[PDB]
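Presented as structure tokens, the chain that follows is alone, the form deposited in one PDB entry.
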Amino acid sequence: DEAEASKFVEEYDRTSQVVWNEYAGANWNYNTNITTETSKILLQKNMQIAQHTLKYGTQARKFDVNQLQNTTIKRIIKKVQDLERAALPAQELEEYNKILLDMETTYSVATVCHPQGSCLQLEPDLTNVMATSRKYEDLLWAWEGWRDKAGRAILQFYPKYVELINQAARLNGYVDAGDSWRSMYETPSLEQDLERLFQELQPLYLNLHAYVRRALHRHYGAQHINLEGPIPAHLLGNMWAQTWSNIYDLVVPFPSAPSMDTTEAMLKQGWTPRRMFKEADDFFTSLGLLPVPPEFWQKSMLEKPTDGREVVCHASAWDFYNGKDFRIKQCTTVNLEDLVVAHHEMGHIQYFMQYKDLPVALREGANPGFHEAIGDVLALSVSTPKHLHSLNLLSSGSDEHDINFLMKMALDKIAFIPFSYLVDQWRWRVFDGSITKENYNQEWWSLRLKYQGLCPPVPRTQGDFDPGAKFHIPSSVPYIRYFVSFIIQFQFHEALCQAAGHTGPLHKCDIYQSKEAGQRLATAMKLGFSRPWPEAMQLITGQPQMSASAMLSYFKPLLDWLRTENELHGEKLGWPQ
């Protein structure tokens, strides 16, 4: 009966709101005040939501969805039939919950110490080392130490986590957890589609990689850089070498056309975390998009707290499933990297607000990549010289400043393409069983080399587990969303820029105040997960595929410049060595 399924989805919707609100609450209080008490209440809430998932999930499995007419309801009920971890038996469930908590805690409390010296945490201390040191040995100490302390200490947990997460996935009808993750895109040709997109970014990536390697050779010396081989992983200004913008000063295309450092100018002008967020909020409302509620400003945590309350640091955006309470938790330090992350996070908030009227089973992005992309789109505009000058963070013309800006953007956007691509290639193969605990690490390095062209500055040994040294691995947060985000963000930027009348090169576009550009994003974001994503894509861009066109078009003047430059020096692209 259509009426029985309709009634059920109404009850699911009412009851979910309450239980998910409760559990978000508990999880929030834990996250912004790690204690015994907050931790106890959390795992108690863990069991409550698992029991609701089981109750609702079991009833939903009694519907023949074949027989269901109405498509919204068919779709809602098919989502409810996935129990996720609630499929596991009592014991396995308790055990998996404990495993995930133990992995996150290990990661977040890991420190690296000098003998009779300081102990350094990851944020800000080690990341500052990785960003600002130009000493080979000091970068290696930080790079190696972080792996020794965080990555190895994850190893004890990983095999059992794989086993439990695969087990929940098979219990929900998937072959393994990777298949369950891929299913979120509802795109049977996903792996081939992402492959094609990755192959289209190779010219730009290879060219950027060779010019960077040359510049490293100049700074770090002929004996430590092979001009035909992989780059050492510790030299790119970032712990995971996933974004290279911290070595912009070693690689500037035109040193004669100098510019202010945003970070230095933000400090210089007394920017606070709160101002960074107010600036993001102003960009959204300039587009006709929704302002964050007054409650957001009272309840969010926008910097490390200062009352000796312990908190998890990783920037994250939070929906509380009541349609009115939305929050960010970020240990925001005052620089451009975090100003971008602020926009990222406000992007997530904006999406939650846009889809707040749908049934909760549909309160998701068109696909995880859309959810990741929203804030980054706005931040493309924020990063332009034009926009930075208007925030009073840049002095203000030339081709030289142009190629210089493109290079800055490239070190963040292009460099991240192979990294964002490889993370889940690795995990898809762990979950399907083709990588075992005997070769986790070797297999990670094989992908680091194949996709990024990097090598480990130090030989890895058995017992190393470098993947565990990246947050998303112990946290069990899927990563391909980030590769998707980075492709489709340039597509959305191109469409919104056209929406706004911009003409000339795409990288000069700034959509600030464009109501036409707001309208494109709003109608798509309003759809939540109610329709296949190509429909949201078609609303924004006028067509329904993922395409690297827009990213290539953005970077085209830089590609030309890199080609002439690498050719003049005879660079050999790639790293056969």
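Only residues modelled in both forms are compared. C-alpha atoms forming the largest set that superposes within 1.5 Å between two forms make up the rigid core. All residue numbers refer to positions in the sequence shown, first residue = 1.
Below: the form deposited in another entry, not depicted.
K.L.:
Given a rigid core superposition of the two forms, which one of 545, 523, 39, 59 has its CA shift by 2 angstroms or more between this form and the one not shown?
P.N.:
None of the others reach 2 Å, which leaves 39.
K.L.:
Superposing on the rigid core, do we see a C-alpha displacement of 2 Å or more at residue 163 between this form and the one not shown?
P.N.:
Residue 163 C-alpha, core-superposed: shift of less than 2 Å.
K.L.:
Once the two forms are fit on the core, has residue 305 moved its CA by at least 2 Å between this form and the one not shown?
P.N.:
Where the cores coincide, residue 305 still shows a C-alpha shift between this form and the one not shown that is 2 Å or more.
K.L.:
Sticking with residues common to both forms, list the runs of three or more in a row where every CA moves 2 angstroms or more between this form and the one not shown, core superposed.
P.N.:
Flagged stretches (3+ res, CA at least 2 Å): 33-41, 305-311.
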